[PDB]
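Scroll down for the structure; my scribbles are underneath it.
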Amino acid sequence: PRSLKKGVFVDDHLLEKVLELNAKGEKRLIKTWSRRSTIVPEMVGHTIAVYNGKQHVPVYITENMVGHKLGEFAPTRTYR
Amino acid sequence: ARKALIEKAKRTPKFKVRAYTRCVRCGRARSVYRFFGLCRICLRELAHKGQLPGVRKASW
Amino acid sequence: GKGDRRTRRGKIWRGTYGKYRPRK
Amino acid sequence: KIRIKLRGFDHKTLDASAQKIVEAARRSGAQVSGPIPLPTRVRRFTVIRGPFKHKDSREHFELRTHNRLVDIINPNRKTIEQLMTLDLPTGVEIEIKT
Amino acid sequence: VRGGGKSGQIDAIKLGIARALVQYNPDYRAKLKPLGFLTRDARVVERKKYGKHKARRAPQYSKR
Amino acid sequence: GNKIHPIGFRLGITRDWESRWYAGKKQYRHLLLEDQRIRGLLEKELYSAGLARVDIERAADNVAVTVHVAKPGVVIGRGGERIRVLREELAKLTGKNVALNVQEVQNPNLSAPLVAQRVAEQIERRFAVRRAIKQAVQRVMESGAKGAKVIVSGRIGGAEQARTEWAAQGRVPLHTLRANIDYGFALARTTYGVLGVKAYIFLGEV
RNA sequence: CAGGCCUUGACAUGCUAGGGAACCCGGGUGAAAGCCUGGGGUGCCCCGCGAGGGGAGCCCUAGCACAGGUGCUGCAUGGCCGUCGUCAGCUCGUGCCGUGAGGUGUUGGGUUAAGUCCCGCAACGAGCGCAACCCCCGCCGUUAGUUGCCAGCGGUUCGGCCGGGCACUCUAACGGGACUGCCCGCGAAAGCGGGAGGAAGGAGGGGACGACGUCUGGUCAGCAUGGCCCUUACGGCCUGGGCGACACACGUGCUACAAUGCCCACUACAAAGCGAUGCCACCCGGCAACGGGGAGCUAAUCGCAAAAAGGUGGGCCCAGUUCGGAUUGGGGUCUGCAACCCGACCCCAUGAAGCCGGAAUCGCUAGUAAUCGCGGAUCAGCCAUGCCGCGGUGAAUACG
Ligand SMILES: [K+]
Ligand SMILES: [K+]
Ligand SMILES: [K+]
Ligand SMILES: [Mg+2]
Ligand SMILES: [Mg+2]
Ligand SMILES: [Mg+2]
Ligand SMILES: [Mg+2]
Ligand SMILES: [Mg+2]
Ligand SMILES: [Mg+2]
Ligand SMILES: [Mg+2]
Ligand SMILES: [Mg+2]
Ligand SMILES: [Mg+2]
Ligand SMILES: [Mg+2]
Ligand SMILES: [Mg+2]
Ligand SMILES: [Mg+2]
Ligand SMILES: [Mg+2]
Ligand SMILES: [Mg+2]
Ligand SMILES: [Mg+2]
Ligand SMILES: [Mg+2]
Ligand SMILES: [Mg+2]
Ligand SMILES: [Mg+2]
Ligand SMILES: [Mg+2]
Ligand SMILES: [Mg+2]
Ligand SMILES: [Mg+2]
Ligand SMILES: [Mg+2]
Ligand SMILES: [Mg+2]
Ligand SMILES: [Mg+2]
Ligand SMILES: [Mg+2]
Ligand SMILES: [Mg+2]
Ligand SMILES: [Mg+2]
Ligand SMILES: [Mg+2]
Ligand SMILES: [Mg+2]
Ligand SMILES: [Mg+2]
Ligand SMILES: [Mg+2]
Ligand SMILES: [Mg+2]
Ligand SMILES: [Mg+2]
Ligand SMILES: [Mg+2]
Ligand SMILES: [Mg+2]
Ligand SMILES: [Zn+2]
Numbered sequence: 001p002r003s004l005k006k007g008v009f010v011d012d013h014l015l016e017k018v019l020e021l022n023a024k025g026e027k028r029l030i031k032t033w034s035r036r037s038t039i040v041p042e043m044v045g046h047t048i049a050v051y052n053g054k055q056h057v058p059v060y061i062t063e064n065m066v067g068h069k070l071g072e073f074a075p076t077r078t079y080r
Numbered sequence: 001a002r003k004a005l006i007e008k009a010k011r012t013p014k015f016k017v018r019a020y021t022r023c024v025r026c027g028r029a030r031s032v033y034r035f036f037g038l039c040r041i042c043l044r045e046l047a048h049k050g051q052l053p054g055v056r057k058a059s060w
Numbered sequence: 002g003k004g005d006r007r008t009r010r011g012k013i014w015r016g017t018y019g020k021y022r023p024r025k
Numbered sequence: 001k002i003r004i005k006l007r008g009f010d011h012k013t014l015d016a017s018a019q020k021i022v023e024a025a026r027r028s029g030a031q032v033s034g035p036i037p038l039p040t041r042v043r044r045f046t047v048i049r050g051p052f053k054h055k056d057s058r059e060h061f062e063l064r065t066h067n068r069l070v071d072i073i074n075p076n077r078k079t080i081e082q083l084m085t086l087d088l089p090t091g092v093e094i095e096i097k098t
Numbered sequence: 064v065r066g067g068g069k070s071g072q073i074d075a076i077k078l079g080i081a082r083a084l085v086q087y088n089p090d091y092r093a094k095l096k097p098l099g100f101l102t103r104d105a106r107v108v109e110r111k112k113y114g115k116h117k118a119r120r121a122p123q124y125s126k127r
Numbered sequence: 001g002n003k004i005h006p007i008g009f010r011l012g013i014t015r016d017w018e019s020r021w022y023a024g025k026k027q028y029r030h031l032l033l034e035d036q037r038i039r040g041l042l043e044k045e046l047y048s049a050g051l052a053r054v055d056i057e058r059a060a061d062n063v064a065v066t067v068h069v070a071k072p073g074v075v076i077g078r079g080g081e082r083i084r085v086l087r088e089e090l091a092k093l094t095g096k097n098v099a100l101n102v103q104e105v106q107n108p109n110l111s112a113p114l115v116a117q118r119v120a121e122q123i124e125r126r127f128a129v130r131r132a133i134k135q136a137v138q139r140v141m142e143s144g145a146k147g148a149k150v151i152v153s154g155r156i157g158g159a160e161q162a163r164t165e166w167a168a169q170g171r172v173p174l175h176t177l178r179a180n181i182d183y184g185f186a187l188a189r190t191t192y193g194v195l196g197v198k199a200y201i202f203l204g205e206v
């Protein structure tokens, strides 16, 4: 039962940094702190290193994991 | 209540959802009333002194 | 009971409105 | 038709002061609509008595805002003489509406 | 009738009726008093105190 | 750790507020931070004058600020050289064309805050505590009064273990509302920490 | 906590110096901080015809005096609070008794909620406490009618809507009233037990009030403060994370396990409060949360606001059920820069435990318990089932 509204949020830090990598083919890795940003299509086939709060975790973004947010793939806590 | 945090006054939050009352008298940031700008403690003190017009000891 | 979101009481207790408890 | 509300914290001043406006017209105006009470708006403040913990103590404080009406029907022109600058209260506020 | 609840009112009505019924004929007090309909029930919702869940009902303390 | 403030406990009765004025939920706080800041400067300044009370009245941008002092001299100054500085220094903080009286305390030995300050001073002056207390009560108990009492906190004479010395005379029925007990607290900074002096002076009755 | 950064600072008072005044708009890299940089801009004093020169305020660099620490010590401390405990007790003055610590008073008999009062007494009196003066509730009056009503009577757009009246209700100021005063019985008194009259009867209910002191009680993270300790950092900025973890255990609670009950209709009766950049009537879109538009409020005048339990009618027929609503898929609305971690709120689908709880253990003596709903502080929103108040309905029992 998730939600947000009409305007799908994404931080332009990497947006105008992810598409900017497209107008040149592709790239490899992107160091980010903004896990607040919603994963959109122009990312599919990329590798975004998200931040735990300690380190940057590589995250090969895929087709299905679109509607989700970067943070959902960067587990914060460490357990048994 | 480190001076560095009594900077709250900024009003230059960059995002208004960062603003936060904070007692004007003791810097208190945890039980600050609106109508006084004073925390629950400071309010008790000055109230006793009578430096808060009208504010009397309620009973009933 | 006061804990069933979809009942008259559910809404009242939770102090909300909706299909199961319209605003007059 | 002179409506003048009287709001204050002190029911004695806002009361005497209120009966000041009443006579400063009973010598130059309609019998006036007399001094009307009007419910008081109490504001309560409840705080844990001491600092740190002890959440079961607390002390209760209230700010009682008393009110009044007065109201001088018959816009007497001779009344504003006695009711111009012949006041004395210190914690009272006054609203004038015709 | 106004204020309160229908059962409170029922008792209020009980007063007026006997209070008016007395003004009508003061010789009626002598028969009403023995059953005190002339008395005003002072029992009123007792205030809620702090520290207590509701006036008298106190919180529950664990393995003291 | 009990006992309510004697003043706060007697506001509606034998004892009136030190700030009389109505305000709305939009200005009350402002007319307070300021109203308080007034007491802030006046306290640091008119110290030597020995300021007992600092009433303050307000209206449409008006201000009373009646300052009660034992020695009004230091207040006013040379002819009027000072009561002018501290009024221009005052109205500077708050552009409200503020008045500024200077009442005189008839017998400062019935002014609890003063009596407290007195004892407080003597303590910073390495004096003997018990004496000052006994004296204070006497001075106050002699200048008329139906009762009096003084309480110095702890760490007496720099003594490792804090204590609490007091002594008093006449009556000081803190439980009776219809009394009138000027209360006055005075701190006392030292080389070995703070001390707290408290003063009570049972003046009238009904 | 990790990482990127400032280091005379985010904030005080000052200082000697190269320099440009102030303060306005820019651009690079940036996660943001920062850091590098571009123009706009030459006001104010005393000189000088002028170029310009030296000063004021301000800011800027480099070096100072110093800022800053929610760093340690609540046994170095102030202040405030908790606690025994609203328990009825703790003391003093003078006298008297003891070599003395100390005693007497305060013990004793009656009595009381009470060191409350009476009677006794080498004690006579006092303080601090009890009580009483303060608040709220219960009856009546006086003052006061843009809130009350045909109480009356006159017009109904049948709405106290009109007229106009304050009498009622109420609102809120001020007073009246209760004193064991009156009657009988007991007593020596104080004061019991009964009766009358009264709204109210013997502290009429409920508050605020908590003595000398005791826990080396609590708080250095509210604040204040002595002493230690750090100063390119234990100080400061920021982005992100964590305070929300989960094999487990406990406290306080919420919702239940159902028929005296649960649904859906329709209907009736409260009090307190709150409402500018906020309550939001009404109308329209949507199942709805909510969205549009939009009247009124500056608030006894408008709004929050439906009170709910109750009542009338209908359904369910004893089933894990039309009980219970956990969990989990979906699809949405909002606030907010932003709801992954980690927000409520709708709507569809899911429909878990739970048939009243071992040993133990808690509350409450009357408008109390139990039960029902309403408001507020804080607050963008909210994780409030918390807390502080509010008013409906309204018991059981106390031999001892
Ligand atoms: K129930
Ligand atoms: K201690
Ligand atoms: K289960
Ligand atoms: Mg958005
Ligand atoms: Mg500090
Ligand atoms: Mg906030
Ligand atoms: Mg705050
Ligand atoms: Mg159900
Ligand atoms: Mg109740
Ligand atoms: Mg007192
Ligand atoms: Mg020139
Ligand atoms: Mg301690
Ligand atoms: Mg302490
Ligand atoms: Mg500790
Ligand atoms: Mg003696
Ligand atoms: Mg002997
Ligand atoms: Mg002797
Ligand atoms: Mg003795
Ligand atoms: Mg004895
Ligand atoms: Mg006594
Ligand atoms: Mg009446
Ligand atoms: Mg007798
Ligand atoms: Mg008392
Ligand atoms: Mg300790
Ligand atoms: Mg302890
Ligand atoms: Mg301690
Ligand atoms: Mg926590
Ligand atoms: Mg329950
Ligand atoms: Mg049942
Ligand atoms: Mg609609
Ligand atoms: Mg619709
Ligand atoms: Mg979240
Ligand atoms: Mg069953
Ligand atoms: Mg009891
Ligand atoms: Mg609620
Ligand atoms: Mg809220
Ligand atoms: Mg939650
Ligand atoms: Mg709630
Ligand atoms: Zn404060």
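Residue numbers (the entry's author numbering), protein chains in the order written: chain S, 1 to 80; chain N, 1 to 60; chain V, 2 to 25; chain J, 1 to 98; chain I, 64 to 127; chain C, 1 to 206.
Backbone N, C-alpha and C fix where the C-beta goes; we use that ideal spot for every residue, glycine too.
- Three or more Cβ pairs drawn from the region 82-95 of chain J and the region 2-18 of chain J lie within less than 8 Å of each other, which places the two stretches in contact.
- Each residue's CA atom was taken as its position, placing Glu20(S) and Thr38(S) some 17 Å apart.
- Contact check for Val47(J) against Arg64(J) fails: the beta carbons are separated by 7 Å or more.
- Secondary structure note for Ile48(J): it is in no beta strand (DSSP E), with a DSSP letter that is neither H nor E.
- With 16 or more neighbouring CB atoms inside 10 Å of its own CB, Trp17(C) falls in the buried class.
- Within the same chain, and ignoring the five residues on either side of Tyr51(S) in sequence, the residues whose Cβ sits closer than 6 Å to its Cβ are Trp33.
- Within the same chain, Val115, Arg139, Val140, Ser143 come within 7 Å of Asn109(C) by CB-CB distance, once the 5 residues on both sides are set aside.
- Of the other Cβ atoms in all chains shown, 16 or more fall within 10 Å of the Cβ of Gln117(C); this residue is therefore buried.
- Excluding its 5 nearest sequence neighbours in each direction, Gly193(C) has C-beta neighbours in its own chain below 6 Å: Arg155, listed in chain order.
- Taking 9 Å as the cut-off between beta carbons, the residues of the region 1-17 of chain J near chain C are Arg7, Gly8, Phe9, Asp10, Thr13, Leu14, in sequence order.
- If you look at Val85(I), you'll find it in the alpha helix (DSSP H) that goes 69-87.
- At least 7 Å separates the beta-carbon of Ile76(C) from that of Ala64(C).
- Assignment of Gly73(C) by DSSP, reduced to helix, strand and coil, places it in the helix class.
- Annotation for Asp35(C): the continuous alpha helix (DSSP H) segment containing it runs 30-45.
- Between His68(C) and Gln27(C), the C-beta spacing is not below 7 Å.
- Counting along the chain, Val18(S) sits inside the alpha helix (DSSP H) bounded by residues 12-18.
- With its beta carbon less than 7 Å from one in chain C, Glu93(J) belongs to the interface.
- By the rule that beta-carbons nearer than 7 Å mark a contact, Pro35(J) does not touch chain N.
- Nothing from the region 79-91 of chain J brings a Cβ to less than 9 Å from some Cβ of chain I.
- The alpha-carbon of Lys5(S) is positioned some 15 Å away from that of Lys69(S).
- Going by beta carbons, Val129(C) and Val137(C) fall outside the 7 Å limit.
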